[PDB]
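Here's a solo chain for you in structure tokens, the form deposited without its partner chain.
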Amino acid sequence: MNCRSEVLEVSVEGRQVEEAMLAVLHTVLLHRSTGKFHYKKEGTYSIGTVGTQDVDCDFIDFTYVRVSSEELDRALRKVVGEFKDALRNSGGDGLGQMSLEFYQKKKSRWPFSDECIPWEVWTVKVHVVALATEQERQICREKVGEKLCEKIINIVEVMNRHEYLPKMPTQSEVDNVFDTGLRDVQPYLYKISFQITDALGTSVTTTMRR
């Protein structure tokens, strides 16, 4: 169950934070998901289809690929949205970080609790600058697009480089490994959190599925 933590750092403009974080999160979840398991008798199962689609960025000259799932997209857009607000609207040095953590549920023996054991952590350290000039914004569109392109391919190589994946679960064990709550995709169990540190202190936000 060797856990690996990877760190990515990006410097963007305020209007680029949301799209930049979405590119990273969707890219990771693209390679950390499966189709929905449809179980039959004797505990056997088939696997549903998962489409993908290109996403054109409006504030960055870049295009990324995400899982064709509105449910997942709305989930990610929400937490990235909270992050973008908490980060941009801060009187610090424009620094914050977001973590994507994949974990397994080791159900603590009846009846007390349930423990989350992480096996992969993906952290994005964001440095955001607020620009007013239209020209500078244009420079950032091209500049960030190049860097972000290099980092997406890089992150795909890193995921491929990781030697550990959870053992494929049986029907009774599927909810300890996968998020089986989405309609059209089945990612590994994941939680997303972010923290912003200011001159006043540190704020930490954790988001949980229903």
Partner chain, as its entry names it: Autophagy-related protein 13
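Rigid core (definition): largest C-alpha set, two forms, superposition within 1.5 Å. Residue numbers count along the first chain shown, from 1.
What comes next is about the form deposited with its partner chain bound, which is not displayed.
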Check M1, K107 and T123: does every one of them have a heavy atom within 4.5 Å of its partner chain in the bound PDB entry? no
I'd like to know whether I152 contacts its partner chain in the bound PDB entry, with contact meaning heavy atoms within 4.5 angstroms. yes
Since only the chain is shown here, I'm wondering whether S172 would be in contact with its partner chain in the bound PDB entry (any heavy atom pair within 4.5 Å). no
In the bound PDB entry, does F62 come within 4.5 Å of its partner chain, counting heavy atoms only? yes
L30 within 4.5 Å of its partner chain in the bound PDB entry, heavy atoms: yes
Listed by sequence position, which residues of 49-69 have a non-hydrogen atom within 4.5 angstroms of its partner chain in the bound PDB entry? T49, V50, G51, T52, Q53, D54, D56, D61, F62, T63, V65, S68
At a threshold of 2 angstroms on the CA positions, core aligned, which residue out of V121, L131, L95, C116 shifts between the shown form and the other one? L131
